[PDB]
RNA sequence: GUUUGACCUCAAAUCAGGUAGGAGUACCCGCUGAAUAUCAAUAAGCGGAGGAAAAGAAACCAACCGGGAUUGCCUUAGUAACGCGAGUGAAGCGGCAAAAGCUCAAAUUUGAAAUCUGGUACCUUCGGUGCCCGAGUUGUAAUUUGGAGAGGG
RNA sequence: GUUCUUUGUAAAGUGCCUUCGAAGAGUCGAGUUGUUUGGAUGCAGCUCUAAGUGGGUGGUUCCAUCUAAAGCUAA
RNA sequence: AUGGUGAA
């Protein structure tokens, strides 16, 4: 059904391009559309309706929202009395505790 | 089992060479709308001599205009174009013109590198890096045309 | 009465005071998909271009004195974060806020009571607590939101208080103010500080 | 341009490639509603030469009509009735088989500001163009009406009923001739 | 795995090995003071260019984790193992020749030093590998108090100062995934990015 | 990757901006349509518009020393032609009324998708501007519609 | 008439020289079946389906005239 | 004949 097809035409490379209308000058010259856009932006800047990006960087750069309106520890010291410190036997039943230390640094 | 002119797709560039081609093409990404707009605004502010820009060619009509002029050196063709007739003849046209062509899976993937949601084809005419382009063309030829 | 889960889904509570409360967090979700699209496109310029609670504070605290109700927890969280997947910038901001608050307190010397404890050095102005300058050995997302809200509140609080640099590289009304006045203290390694000698 | 290649390829309708494309597309459409919105035309050259443009305001619809009031006229009438807010401009054949014939119709929405401000397409916004297919003003309708120049359309050059009325009237002037 | 990875690894290793070899040869020739076949007989350090004074200055060390393509050589492996800097002394004349070798793999004030010491807080303690936190100052007194260190603050002061705990303590002491975290990493890559005779880069 | 993204397709929202039915109907357009030739492309029925509608600038009329958008009137003419029977029945040329030509498909803007819809803040508000969003490359603008036309000097 | 603006190496036209120079396919057409015409034309289901110095309309070797298969436009 | 009305 789908028999192979012979490349009787593509087997020979096209020696020469088929097209015409030799190269326009615009291809060897900077685009006129770019110049038109640049001049339009220049006109806009002159009219003061466009801010240059350098000025935008500078522009890229706290209030009383209320004003006048009509609308504890548990003796866990580092050097507590020995009575506060829980006994070792009661520490098993405790499963923060006040503890005795020499000073603030220890 | 389909006519030979069909099923020329589903045979595509391998993963490694496809990735290399995508990496090469990403260098010549055309200036997106935001980049072009900001550059033009900067130029206007400066005004208020130029080198020719380099970018990939992706428009199907524009690419076909470049194709058959022998200017195109390497063309990428998407294999999932819904109107298949738009691309059935492109490989044959490239073969007749002697322009190397590579079928890459995914029109969305092809368009992702040209700032467009989808792109049927992509072609390169100018280069920055000519040795890399020549090596890629030779690899693509040896891996696709001589095999399939 | 509408259940908490049902009310949250629609948006135990009184329906009268909740139905009217249904009126940028939701809109911010679009930024994630825009960033994913930019990543898929393979160009970062669009991502950079895309990249480039006062209202709730007033209703919760219509007046400055009302802030004192939650200032306890606010200062607790701020001081806990000042010494603590929280970003380093958040920690730095929390530390700066606490340092500014302490500097303002010292300027007015509005302190009445203090108590050194195992949990930390307690203070009273309002009571607040700060932990020791040692490393601290839960879902931090709740903690992050609480920190953000408390920092936003404390920003306005500090602005109101203030309305009414090589050191960075080194760092009458009550008996507290009446006593120790002009008593310039010298503090050893454990006013002039010996640590600055380093 | 590539459109010339597309036209040349479409000229050989009975080619094995176009046969495969048609039999695939008809089967694909057989699983869809009789009338449904088309994302894009399957014959870009035909639509482009028929005046279709890829801009906001244009709509492409595919409609299936029973084989055996022409089939194109029936398709245009159906799409106009369904697309009451859109104006049918032209349509073209896209597929056929032993049971059904498929045509694609392009529609322009006059409400869209793009069409309203389009100097080359705002003409369709005039109320006189409402339901062009209803009055047979479309390409298929005009062809079925026999509107053309030459002896082959003398009896139907412009209006088959109008000529009958003209030749049946009795013109009487104030002063009899 | 594809051969490209191993090829790149080998090329980078060879290049960096040659770079280290030239640095070692230059240092060895400089040690002899025979400034007749070397580009620069003196030493430099880059912040701008700064002369490498002979004073044993002490500065913090940071890990750059790369170049990744460069498999770490044996000399660099040993240097990092001795300094335990593999995981991601002082600037003396005898330490510079070894620090320069690991220069591509690596890079203060009281405010930064104190915070770093009081936040990291590694303390080797007995399981045996415990290094959790600066739990209590009494731990330092027990393990290190014999050297005149009554608390971690003494260690901090002696590190800031030219003391002995600076040396003794050596025996005692964007990062996410997901789409949102990719842009920040890509931006930081610009800041993330070496001649043998060139000054050390800080 | 015992994952994360590009699209394409398909659904939904008391979403934002829009349009459609129907009425009237003398005239207009299309379909259908009776009481093998005749009443007849009539009567009746259905669908679609406006102040007019349709048509309109020839794959025309003519066989001349040629005319040159469409439409209406007189004339052509009760002629040619047909059903050669009762009967049906044109059209060019000629004179008059009024006259206007144009727009796409088609060959590269590729040295710059230069195009356009919508949101936002202003102003001189049947619209214009700065910014953003989206459509567009499976083609949006200019350049050409055979009277040729296009790149250059 | 009155008043402010233009501009931007911006857009067109005239004569000359030069290099190029696209054209609506299930469409035309034939066959058959229903339909209209006083026209034998046209309309309409369906098998097939055309070419580019090509195609359509008319007569004694052909000569005369246009370029259909898209659309807009007051009187 | 055309279009409708009610009626098993």
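Protein chains in written order, with the entry's author numbering: chain m, 239 to 299, 307 to 316, 332 to 355, 366 to 376; chain G, 70 to 117, 125 to 204, 207 to 226; chain n, 15 to 25, 62 to 73, 79 to 107, 114 to 145, 150 to 190, 197 to 208, 213 to 239, 250 to 256, 352 to 370, 387 to 394; chain N, 2 to 69, 96 to 204; chain t, 56 to 102, 131 to 171, 177 to 195, 199 to 217, 222 to 268, 277 to 296, 303 to 311. Idealized CB from N, CA, C, for every residue including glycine.
- Using a Cβ distance threshold of 9 Å, residue 129/N and residue 109/N do not count as a contacting pair.
- The CB of residue 104/G comes closer than 7 Å to the CB of 100 in chain n, given here in chain order.
- Here the stretch 14-32 of chain N makes no contact with the stretch 217-228 of chain n; the two share fewer than three CB pairs at distances below 8 Å.
- Using beta-carbon distances, residue 245/t counts as an interface residue toward chain m, with a partner under 9 Å.
- Residue 150/n has a beta carbon lying within less than 9 Å of a beta carbon in chain t.
- Between the alpha carbons of residue 282/t and residue 91/n lies a distance of about 6 Å.
- In the structure shown, residue 70/n adopts helical secondary structure according to DSSP, grouped into three states.
- Within the stretch 177-203 of chain G, not one residue has a Cβ closer than 8 Å to any Cβ of chain N.
- Looking from the CA of residue 366/m, the closest CA among 335/m, 314/m and 291/m belongs to 335/m.
- For residue 313/m, the number of other beta carbons within 10 angstroms of its own is below 16, and it is reported as exposed.
- Shown here, residue 117/N sits in a strand according to DSSP, grouped into three states.
- Interface criterion met: the Cβ of residue 252/t is under 9 Å from a Cβ in chain n.
- The continuous beta strand (DSSP E) containing residue 61/N extends over residues 59-67.
- Remark: three or more beta-carbon pairs, one from each stretch, lie closer than 8 Å, so the stretch 170-183 of chain G and the stretch 78-98 of chain G are flagged as touching.
- In the DSSP assignment, residue 182/n is bridged to 337/m.
- Here residue 160/N is buried: its Cβ has 16 or more other Cβ atoms, across all protein chains shown, within 10 Å.
- The Cβ of residue 6/N sits closer than 9 Å to at least one Cβ of chain G.
- Inter-residue distance for residue 75/G and residue 219/G is about 20 Å (C-alpha atoms, whole angstroms).
- In its chain, beyond the 5 residues on either side, 135 have a beta carbon closer than 6 Å to the beta carbon of residue 98/t.
- Chain-ordered, the chain G residues with CB closer than 7 Å to the CB of residue 43/N read 159.
- Of 197/n, 207/n, 255/n and 202/n, the smallest CA-CA separation from residue 132/n is found for 197/n.
- When C-beta distances to chain n are compared with 7 Å, the residues of the stretch 78-101 of chain G below that value are 95, 98 and 101, in chain order.
- In this structure the stretch 35-43 of chain N does not touch the stretch 240-255 of chain t; the number of beta carbon pairs closer than 8 Å is below three.
- Comparing C-alpha distances from residue 338/m to each of 275/m, 368/m and 316/m shows the shortest one belongs to 368/m.
- In this structure, residue 133/N sits near residue 53/N, with a CB-CB distance shorter than 9 Å.
- Between residue 47/N and residue 169/N, the alpha-carbon positions lie close to 19 Å from each other.
- Taking CB atoms only, residue 370/n has a neighbour in chain t less than 9 Å away.
- The straight-line gap separating the alpha-carbon atoms of residue 307/m and residue 394/n is approximately 38 Å.
- Every alpha helix (DSSP H) of 4 residues or more that sits fully in the stretch 161-204 of chain N is shown, in chain order, as 166-171 and 187-195.
- Residue 346/m is outside the set of residues whose beta carbon lies under 9 Å from a beta carbon in chain n.
- Under a criterion of Cβ atoms nearer than 8 Å, no residue of chain n is adjacent to residue 147/t; the nearest Cβ is some 18 Å distant.
- Between residue 110/G and residue 255/m, the C-beta spacing is not below 9 Å.
- Look at residue 199/n here: in three-state DSSP terms it is strand.
- Within its own chain, the residues whose Cβ lies closer than 6 Å to the Cβ of residue 65/n, once the five positions on either side in sequence are excluded, are 16, listed in chain order.
- Look at residue 64/n here: in three-state DSSP terms it is coil, with no helix or strand label.
- 171/N is the residue among 138/N, 166/N, 30/N and 171/N whose C-alpha sits nearest the C-alpha of residue 187/N.
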